[PDB]
Each structure stands twice: as C-alpha cells, then as structure tokens.
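To begin, one chain is listed below as structure tokens, in the form deposited in one PDB entry.
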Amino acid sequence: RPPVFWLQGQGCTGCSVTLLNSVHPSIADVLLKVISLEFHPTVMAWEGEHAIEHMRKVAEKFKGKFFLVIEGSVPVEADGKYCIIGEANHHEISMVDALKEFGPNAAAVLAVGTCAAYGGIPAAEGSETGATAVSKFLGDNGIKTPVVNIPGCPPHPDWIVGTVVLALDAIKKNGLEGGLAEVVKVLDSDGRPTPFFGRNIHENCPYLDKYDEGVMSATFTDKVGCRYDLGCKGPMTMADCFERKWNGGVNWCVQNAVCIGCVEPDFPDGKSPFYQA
C-alpha cells in the first residue's frame, strides 16, 4: 500500500469529509487495503512535531514514491503566513514551505478540490491572501512533479478514490514512469481525469428536453421544468453528477436545486450569481 501524505492548506476539510463518504470501496477499505495514509491532520493518531517528523521520515525512505494530496489553496502573500501547517524544532512550516519541501519528491501530487486545483473560493474576488492553485505554485517555483487535478467543491468521493485507483492500476501495469504517463494521457486541458470530467452535465441532463423546448421552472420546487432561469450552470460544467449522483445516489444538485459549476476553473466568480443565468 503506497504511502500518502494529505496536506491541508486553505481548505475547509470538505474534501476530507467527502472522501469519508465513499461507498465502494468504503473508506475503511481505502485506508486498510488501498493506501497507507501516513499523515493526515484530521484523522491521524499522533500530533504536532512528532506527526511532522513521521511524515519526513517516510518521505526520506520513500523519496520519489509517495503520493502527495493537497486540499485547499496555497497562500503566498505575507511570506506564507496566512497558512501555517505545523512547527518542528521551533521552526514554523507554512503551506508554501511544505509544498516546496515535499512537492519535488512526490511520485505525483493530487490537487483535490477546486481550491487546490484552481484557487477556488479563497482566490475569489475580495480575497487578499494570494491564494494560489497547486499546479501554478509548483510551476512558478520550478517544480516539475506531475499534478492531477480532482476538482469539485467538494469532489464526489468516487472522483478522488477513482483517480487514486486509476493511477495505482496504471503504475502496476507499466511501472512508475510508464504509469504516470498513462495517467497524463487521460487528463483534459484543465488537468482533470476524463473518466469523471470528460462529459458535460447539460448534454446529459434529464431536463435537456425542457431546455430545448423553453420550459423553465420559476420556483425551485417546480421539478418539471429546466433550471436554467433559476441559475443552473450545467451548460458550462464538465462532471458526471447526472449519472453517479451524490451521497449513495440519493440526490444531486440539478434535481434538488441548481448546478453551481463547482468543478470548473472559474468557480465561484465565473459561475456567480448562482441564482440567475
């Protein structure tokens, strides 16, 4: 089971919580059978500098072979002080510092959630922390490690687990270098795996006939008409929610309300106002 470190920047822990909702494999099976989650601040047993030093000990031994998950954006303003993630030997560790430390040595970096993938809400208009997407931060700092974006606010658990499994299966078919190249091949131009993000919501929406006919709901609770006039961003959104749905298949955003385009690189500002077209 390959070692995984899960670092949280400017995240809300929603990307961790969504993962806990994985149905098959369950999160228990993910943690005991699929990955070795060596560092994760929300769930791990140890704490503080001991947890940081444990991650550093694993990283030293498994240099080039561990997977680094980033949840949340990386704020660069004020010398990184808007996100301090730990302290070891009286030296504070910012998210900037941590990504520069571990990023170069990971097999691959999985930018989980729209914040990590694209900046998201912490980077949106009115912010002032210099919130930066993982791939941009790494590129700006000359770090060439492969990045895979798994966006959504939050992502569906199946997108996170499925991307992990796709990468691990690819590595066991073609080795580390070969397998990472196979993964690159199934990424779209926004770095997203096409199994989950290759199809447009609207083109696959059950209300498409109503859109084409001009039949629009005027209240949220009218479930017959298309949701476009209520603000649905499905026409601009690439995700498979229409099929997989959410939380054990019990609902999804378009059925319940509207799609807000949460997986898209312009979320939230280019998807807002949410409740008009």
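Note that residue numbering begins at 1 and tracks the sequence as displayed. Just so we're on the same page, rigid core means the largest C-alpha set that superposes within 1.5 Å between forms. Residues that one form lacks are left out of the comparison.
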Item to check | 182-190 or 137-145, whichever carries the higher mean Cα B-factor | outcome: 182-190
Checklist outcome for this item: The stretch carrying the higher mean Cα B factor in the deposited entry, 165-173 or 94-102, is 165-173
Next on the checklist: I'd like to know which of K233, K33, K245, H40 has the highest C-alpha temperature factor in the PDB entry.
Outcome noted: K33
Item to check | Peak C-alpha temperature factor (PDB record), options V74, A123, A88, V112 | outcome: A88
Checklist entry - Mind checking which third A108 falls in for C-alpha B-factor across the chain? => result middle
Checklist entry - Comparing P268 with the other modelled residues of its chain, is its CA B-factor in the lowest, middle or highest third? => result middle
Checklist outcome for this item: Of the three thirds of the chain ranked by Cα temperature factor, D29 occupies the highest
Item to check | Third of chain Cα B-factors occupied by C205 | outcome: middle
Checklist outcome for this item: Chain-relative C-alpha B factor for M216 (record values, thirds): the middle
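The same protein has a further form, the form deposited in another entry, not shown here; the description that follows concerns it.
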Next on the checklist: Can you tell which residue in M238, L208, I52, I35 has its CA shifted by 2 Å or more between this form and the one not shown when the core is superposed?
Outcome noted: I35
Item to check | Rigid core superposition, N251 Cα moves 2 angstroms or more between this form and the one not shown | outcome: no
Item to check | Cα separation of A28 and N174 in the other form versus here, shift of 3 Å or more | outcome: closer
Checklist outcome for this item: Displaced runs between this form and the one not shown (core superposition; 3 or more consecutive residues; every C-alpha shifted by 2 Å or more) cover 25-31, 33-35
